[PDB]
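Below you'll find the structure, written out as structure tokens, and then a few comments.
Each reported figure results from applying straightforward, stated rules to the coordinates on display, with no laboratory input. As a convention, Cβ positions derive from the backbone with ideal geometry for all residues, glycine included, and neighbour counts pool all protein chains shown.
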Amino acid sequence: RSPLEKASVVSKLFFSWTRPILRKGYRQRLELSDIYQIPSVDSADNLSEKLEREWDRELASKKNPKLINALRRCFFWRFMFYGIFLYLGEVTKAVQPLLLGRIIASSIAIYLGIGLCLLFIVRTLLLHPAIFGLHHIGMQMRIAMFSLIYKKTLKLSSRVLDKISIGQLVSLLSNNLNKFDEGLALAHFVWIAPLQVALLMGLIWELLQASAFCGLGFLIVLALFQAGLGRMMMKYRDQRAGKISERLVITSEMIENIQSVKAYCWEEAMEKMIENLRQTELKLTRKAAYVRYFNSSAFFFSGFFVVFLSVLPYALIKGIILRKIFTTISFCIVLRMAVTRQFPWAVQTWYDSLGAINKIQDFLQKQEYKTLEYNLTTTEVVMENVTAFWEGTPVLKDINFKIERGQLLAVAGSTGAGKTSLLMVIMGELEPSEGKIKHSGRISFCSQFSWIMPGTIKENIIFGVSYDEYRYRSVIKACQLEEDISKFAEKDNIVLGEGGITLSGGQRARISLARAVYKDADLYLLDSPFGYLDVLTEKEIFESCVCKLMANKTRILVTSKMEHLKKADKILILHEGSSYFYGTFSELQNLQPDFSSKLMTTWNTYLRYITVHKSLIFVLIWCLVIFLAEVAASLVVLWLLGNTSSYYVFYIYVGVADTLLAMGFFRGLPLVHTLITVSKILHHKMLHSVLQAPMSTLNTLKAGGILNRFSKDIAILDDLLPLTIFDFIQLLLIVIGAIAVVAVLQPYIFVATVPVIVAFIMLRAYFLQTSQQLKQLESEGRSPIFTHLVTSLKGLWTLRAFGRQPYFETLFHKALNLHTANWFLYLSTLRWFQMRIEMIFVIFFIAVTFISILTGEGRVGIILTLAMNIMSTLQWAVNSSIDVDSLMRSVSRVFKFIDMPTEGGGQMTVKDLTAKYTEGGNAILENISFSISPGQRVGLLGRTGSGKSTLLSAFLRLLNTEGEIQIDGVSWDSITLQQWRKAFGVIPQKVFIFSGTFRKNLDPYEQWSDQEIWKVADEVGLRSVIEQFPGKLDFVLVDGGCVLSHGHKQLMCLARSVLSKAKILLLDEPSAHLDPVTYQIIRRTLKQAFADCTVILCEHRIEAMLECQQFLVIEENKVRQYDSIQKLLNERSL
Amino acid sequence: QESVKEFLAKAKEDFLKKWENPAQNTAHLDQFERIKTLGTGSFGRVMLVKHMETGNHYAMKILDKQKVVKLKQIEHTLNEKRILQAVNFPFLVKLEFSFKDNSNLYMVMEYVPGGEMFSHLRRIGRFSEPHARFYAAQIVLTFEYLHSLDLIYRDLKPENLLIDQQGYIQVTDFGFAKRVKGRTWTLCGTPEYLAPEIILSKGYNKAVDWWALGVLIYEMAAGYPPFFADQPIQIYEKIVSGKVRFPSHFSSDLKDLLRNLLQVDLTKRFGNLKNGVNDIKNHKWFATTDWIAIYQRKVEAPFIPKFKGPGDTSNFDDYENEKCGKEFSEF
């Protein structure tokens, strides 16, 4: 069924499984369905079976939940099998330079060259398969890592479910979403690297026997300094994070109030504040980048001293042949590359794995929900002595409820005041602490909060059932669901998506009632099912099914409606969590009549990135000239020397390509500084552009994309991009310099090197398309798993009620396998790319070696040693090119976002009014006309409730609108929009408040006097409103000014508008937002101070607007005018 | 030391002479007003009155003698009366006169225009850190002065602390206070201020006052009690555990000293080891807290009450045969 199953041994070694996959991908666009079938051994159901069996065996075995000790029994044999070849290949690569310790004598070396060439093939064979094997082991383990906790998700106790952090599990899942899988490559490196040192030290003592630990101590000191720099780097990052979070909060606040900001014309102040805040974060980031650059450069710089100090003692003591010098150079290169890189990375990987193991082992051990032992056989259920806490506080006051088998029970009282908890306990969601509950157990419940998963009508109705024609028809016809179904487009198979927005809340309640009705059980724990429908609809549903069909069976509906409460078989009213009265319907109705009555990646993109800041070009020119001059000087030195012992020692300066071509400390810092400066310039440009964008395109994009436009993208640009770009540049320069040095050795090298580079470029280009397609597909597919997890989290209670968890497990496994298919495909393609690149490099090295062998001792040694080192640099270079390709996506997104178009007396006259949200959308006005009275308010009446916010926005032209607005003789065209809109006074339903002290929050422009501000605030009733604030006026508006009430915020907005001295002021929804006293104070203040303005108070209720003198009646597509109520009340309202 | 210890010695000396000659029945309820009830308080009734003969506004703490007998708190009332009649410290509002009627007893206290700081903290939520230290310094001063007399307050609630026209807090509610040297087995009061030693039902010494003041400072900065639970039994268990999470805004210097103040070890409690209050005085949280200069209370206050005359109740809330006369023989 799977193509990789139909693979030969040689095909498996070549990993050519994706060869037709690559053939299709480089030809045509990616198709998700075209993915090869998942491996049989890769089945989530299969692997999780063994994982769970081992976990259970261990959990029973001993008093220590050592999950690692169990998973060792699952994986250690394969881990050691891969590690054996891994360590063998490491040993081979380490020992290979010693074989070069023979050719230096120059006949016989031809066989040595053939063997050295074969060593590359052998090492590549040993290396390449191991990465794929260990990574397959990792992904296999990770699948069950998800699976065990996912199964436990249906096992947790609800009492801790309300306490367990919802985000903690999400963060736990996301943390190892990619880290733990890739974290296996360094696994056996512990078992190898110490052995690598053991071999290398023996090699050195073989060459020296007297200078061994001299360079080892320098290497250890370098490792110590490198580790020490990390603590300072982490401290700098931690310091930067808080200010970055504050800046993000301010930016999010601006994003939420974008329309109000455009109205207030505060873009400049917002930009100035954002830049001023970002200045300190930029300083911290520059310091952190300097530290990181020093740390990264230390590794490249170490190579010179690493050989120099090791050689200096032996060389001074006695003479040494340069052959051993080159050999020691290679040996030390290997020793350093392992000591400085392998050990710490492996230590970090193991520590992270151990911590994750501890966390996972702790998580699964939590106390689980105990299922009720029921469904055997029973008559009418009864309860006795119900008393327990929902978390002390007895949710039930010794309650008892003997429900007849077939009866229709009901209870009333305060909503969710423990009656819902009593229902949950009866359903088994809450363990009763007192008394004894007995029930048949087969019973459905209907939570007040509907949990609708995606799926068609049949899916929502079945939830693991067959298609019953009569039952489905009865459910539709009885739950008011037949008409709503007919209202659906397909009307039978409308596959619902995510969010449930396709249906109304009463539609969701009807869905819940139908879902409860779908299965027959001992009881139906209804909880206010009619809570979202009209009274007539509720009565119809009751008479049809709720009080007709299932009422013949035992039923318990949480209903407070008096009319149904009269017909109930028994009632149970509880107050303060305690049943005040209950019992038979007639008996309870007669025992207390008084209570009864009372209660009832383009090259153009890279060029634009380069062209952002001119300093980058100068820095690049300086670095390039420095590199070229250094290479030329090295070539001149080599030529002069090749055609007293200090001259021999100077050959070591050429011996290490890393130190010879190292980016000078006097050069690298300017590159990163320019990177940071260009990032800051880009941030400022993006902020300025976002301030001017037209609203029409702004509404088209979702607002959360505006947050994502800077939440991570700017961070990636600041941190990730500079380091990667600099490392790639330095590595490329070093490699190119090595190539030039080798070409200087003999006049044949370039003729072969050029085809190798060209083929490498072609191969990289071919691999890039498939790699990007696979990465995008895999990233896109990951979301559905979190979507299913969130759906399960939302529906947990209803799922526990249904008991059909197997289908949810099937869905989760299907999604996990779907993601795993793409992940394995991408990993395999990357492995094939790595193997092919290694093969190309090996071929080039072999050809160069043969050419040199056919061909002076120092030149041969230099060429061979440079060849002996270039491989790791080339691999890092390929990885860096891939990383740059990955990083360029954020820059492309930023460039696309910046590439946006900009937005572009009291008497007044409007005409030819055309408006819409988008270009050519719903016509908000049909050539509408209106006249503004001098100093008199116009009542926004007529079609109130059909939407007046659009007309209010059109008063400032904040929408896709065009027409005529001739106010005071001034037109809508001559004046700039920033100057034309200022005359209007905004009174939004939601007040926009900048988080900060009152002085800044009320005066963003900062062009007034403090005494005048205090005098106006006293005139605007804010002095007493501010006297209760911290200090006098410096009170920072934390949480968006959470201290201020809605009426206080309205007063603040009115005061700010009065300070702006606007000629107009359109009011909106005064009584809707204001409390009684707040509305009174607002009316008094407006009628006192703002008496001299041509206002427009928009009110849905005509009575609220009845005080207005003028009246502008609204109607669908025609905003009429009614000067006087003598005709307005008789024609517009009547 | 020097002058401060010389003053403490004089205060301790004069307190004994004051305690040995307590007054009784200083006045009758015939020269007061009934303008408004300032509140109830505990199990009594508080009302704002004006001196008919002089004019000075004065509070009157009414309480039923039947309530004292039935609540089994009569000796505590007598001890409170004597201690209030003998107290001498600037940090607290003094008691002026005593009334003893056949129906109830009243106690004359000065008019407190600033009201309770608990309501102000509810209005503002969280005080600034220097604002917290400003009150905490005088609190420590008054507590150590009580240590200079060897008495146990046995009462610490947010509403009991008033504020002066000068901005200094005003102390009241001397009911649970008693001058007992050593350990006492009595247990009562607010669970939020219940030390584990009192919760353990053992002999209690003055050491619990440091924990009470630490809880006061922590809650004043946080706005929420460090120990809180739905039921008092769970609250008692949480207090017995002696563990609570510091707020994100909590400073290291203040929180580290709060760790010593809230240390479950009563012997290791800050202010009880060796030096009395000297270790607290040298603490960096009091790095700028002039203990001696506060004796004049000349420091600029964090906030001043909006006083508009003694007769205004704006700071206050706007609300609305003797039983065993042989026991009340010295009132």
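Comparing A:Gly428, A:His813, A:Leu199 along the charge dipole axis of the protein assembly as shown, the residue lying farthest to the positive side is A:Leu199, per the Cβ-charge model.
State, as an integer percentage, the relative contact order of region A:1060-1134 based on alpha-carbon contacts under 8 Å between residues 6 or more apart. Write down the numbers at each step before the final one.
Details: 57 pairs, mean separation 19.8, N = 75.
26 percent.
So which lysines can A:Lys324 reach, going by Cα to Cα under 28 Å and dropping same-chain residues fewer than 8 places off? Within the straight-line limit of under 28 Å, A:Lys324 reaches these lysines: A:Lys93.
The base-10 log of I(q)/I(0) for region A:670-719, evaluated at q = 0.13, 0.27, 0.31 Å⁻¹, reads -0.38, -1.05, -1.17 [Debye formula, identical scatterers on Cα atoms, solvent excluded].
Restricting to bridges with both residues inside chain A, how much of the DSSP beta-bridge set is antiparallel, in percent to the nearest 5? Antiparallel bridges: around 50 percent, rounded to the nearest 5.
If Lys and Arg each add +1 and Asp and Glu each add -1, what is the summed charge of the other residues whose beta carbon sits under 12 Å from the beta carbon of A:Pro394?
On the way: positive: A:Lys397; negative: A:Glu391, A:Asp398, A:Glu434, A:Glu576, B:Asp230.
Taking every other residue near A:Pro394 into account, the sum is -4.
Counting every other Cβ atom within 10 Å of each residue's Cβ, A:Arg57, A:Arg1132, A:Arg1083 order from fewest to most as A:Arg57, A:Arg1083, A:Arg1132.
So, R0 is 56 Å and r is the distance between the beta-carbons of B:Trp291 and A:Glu780; what FRET efficiency does that work out to, to 0.05?
Working: r = 67 Å, r/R0 = 1.19.
Efficiency for this residue pair is about 0.25.
How much space per residue, in cubic angstrom, does the convex hull of the C-alpha atoms of the protein assembly as shown take up? Write down the numbers at each step before the final one.
Working: hull volume 406.3 nm³, N = 1465.
Taking only Cα atoms, the protein assembly as shown has a hull volume of 277 Å³ per residue.
Its Cα centre serving as origin, region B:148-283 has a Cβ charge dipole (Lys and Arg +1, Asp and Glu -1) of approximately 540 debye.
Here region A:988-1086 is treated with +1 on each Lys and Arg Cβ and -1 on each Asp and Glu Cβ, and its dipole about the Cα centre works out to around 200 debye. Just to be sure I understand the curve: with the Debye formula and one point per C-alpha of region B:226-331, what is log10 I(q)/I(0) at q = 0.13, 0.14 Å⁻¹? Per q value, in the given order, log10 I(q)/I(0) is -0.93, -0.97. Each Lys or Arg adds one and each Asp or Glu takes one away; over the other residues whose Cβ falls under 15 Å from the Cβ of A:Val307, this sums to +2. Between A:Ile898 and A:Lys272, the simple label model (points 7 Å from Cα in the Cβ direction) yields a spacing of 2.4 nm. Please name which of A:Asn69, A:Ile274, A:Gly319 has its Cα lying farthest along the dipole of chain A towards the positive end, using unit charges on Cβ (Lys, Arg +1; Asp, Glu -1) and the Cα centre as origin. Working it through, the farthest residue towards the positive pole turns out to be A:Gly319. Farthest toward the dipole's positive end in the protein assembly as shown, which of A:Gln979, A:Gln367, B:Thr190, given Cβ charges of +1 (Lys, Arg) and -1 (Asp, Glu) about the Cα centre? Highest projection toward the positive end goes to A:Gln367.
Couplings for region B:192-204, taken from phi via the Karplus curve 6.51 cos²θ - 1.76 cosθ + 1.60 with θ = phi - 60°, read 5, 10, 8, 5, x, 5, 5, 5, 6, 6, 10, x, 10 Hz in order; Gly and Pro are left as x. Taken about its Cα centre, the protein assembly as shown carries a charge dipole of roughly 3420 debye when the Cβ of each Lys and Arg holds +1 and the Cβ of each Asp and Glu holds -1.
Determine the sum of side-chain charges near A:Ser252: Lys and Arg each +1, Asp and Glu each -1, restricted to other residues whose C-beta is under 13 angstrom from that of A:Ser252. Net local charge, A:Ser252 excluded: -2. Counted over region A:825-952 with a bin width of 5 Å, the fraction of Cα pairs per bin, in whole percents, is 2, 7, 9, 10, 8, 6, 6, 5, 5, 4, 4, 4, 4, 5, 5, 5, 4, 4, 3, 2, 0.
Fraction of C-alpha pairs exceeding 23 angstrom in region A:980-1089: 23 percent, rounded to a whole number.
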